[PDB]
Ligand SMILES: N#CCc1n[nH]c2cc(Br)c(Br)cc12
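Taking the form deposited without the named molecule, here's one chain by itself in structure tokens.
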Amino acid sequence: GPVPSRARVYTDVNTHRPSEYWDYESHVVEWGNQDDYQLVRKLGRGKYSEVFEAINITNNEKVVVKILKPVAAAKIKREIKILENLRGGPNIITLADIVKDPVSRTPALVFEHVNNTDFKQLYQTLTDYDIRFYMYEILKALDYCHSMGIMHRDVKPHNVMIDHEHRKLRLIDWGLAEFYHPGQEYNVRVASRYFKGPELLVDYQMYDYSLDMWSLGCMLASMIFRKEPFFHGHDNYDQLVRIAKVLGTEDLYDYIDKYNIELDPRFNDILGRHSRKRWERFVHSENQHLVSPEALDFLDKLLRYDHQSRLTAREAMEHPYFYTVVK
């Protein structure tokens, strides 16, 4: 069957920790007071939660209240434990409180409010310097969570709140996040279609932090080439075909060979044969200002089929693409 794989960094971070750190099921929640928060307006709804803008009446500060639905069940404890483990980390959303919602009867997470500018309006209007600056800020969050033994598993533009006026960024929505344990097989039904790594698309379960680096690569490609999204699949199968039209089929078949993966036979009639395209094929008069040799070299090292071959978050922070960003 498939050959096993391990992360090449932060491999055994959880194994050395007391079970209290990663055994989220045994965690005991410290409940705050629901009366401290007044709901102001509904912001949105996910498949597992409802999100509201609210006011913390004990300091008149704006907050966000995420009311979890029952569908989460046992997974609610995992999100709370991850948020508490990561609290204070660079560019990680701050969990301010956990209260019991009176109406729902399920847990409500209270977060610091970020005055965000919508990604459809924003991440496609940034200058070359701002793409580099915000990417560097997202990498600080990813290196922190990976160093803490956690994979986000849902990196995408909707999950990055940016206050552009204040040049501040937060990585949010830790509801799919998981603790990395070497040798563990994980669910491949994570991340959003356009940001799913090839390991998810070929049903390889022993993935790691490097999944977040593929998703980050997809975001970078969309910003530098001004294409939303970069890999525009119609479903999870066509998603892999879209990737193969760019990266080629030979390196895809080499990846499947290396990990001894059984590729779903439905790919035999749709993948075709493709060669890797040079990154300059995606450059045009509208996006040429955002493209440099350093941006293309960086993107090339994130968008690799072999998850073990992608840059780690710390290696990405060392890349020349970021030499122009004030540190």
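For every residue, the number given is its place in the sequence shown, counted from 1.
Another form exists, solved in complex with the named molecule; not displayed. Remarks below refer to it.
Accessibility of shown form to the named molecule in the entry with it bound, site-C-alpha superposition, 2.4 Å backbone/C-beta rule: Output flag = blocked.
Quick check: do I131, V160 and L169 each get a heavy atom within 4.5 Å of the named molecule in the entry with it bound? Every listed residue reaches the named molecule in the entry with it bound, so yes.
Check each of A96, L126, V246, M148 and return the one that places a heavy atom within 4.5 angstroms of the named molecule in the entry with it bound. So the residue touching the named molecule in the entry with it bound, by this definition, is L126.
4.5 Å heavy atom contact, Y144 to the named molecule in the entry with it bound: Judged by the heavy-atom cut-off of 4.5 Å, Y144 is well away from the named molecule in the entry with it bound.
Whether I138 contacts the named molecule in the entry with it bound should be assessed with a 4.5 Å heavy atom distance threshold; does it? Contact with the named molecule, yes.
I'd like to check something about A191: if you look in the entry with it bound, is any of its heavy atoms closer than or equal to 4.5 Å to a heavy atom of the named molecule? No, no contact at 4.5 Å.
My question is simply whether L211 lines the interface with the named molecule in the entry with it bound - judged by any non-hydrogen atom within 4.5 Å. No, no contact at 4.5 Å.
Could you list the residues in 212-229 that come within 4.5 Å of the named molecule in the entry with it bound, counting only heavy atoms and keeping sequence order? Residues within 4.5 Å: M219, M223.
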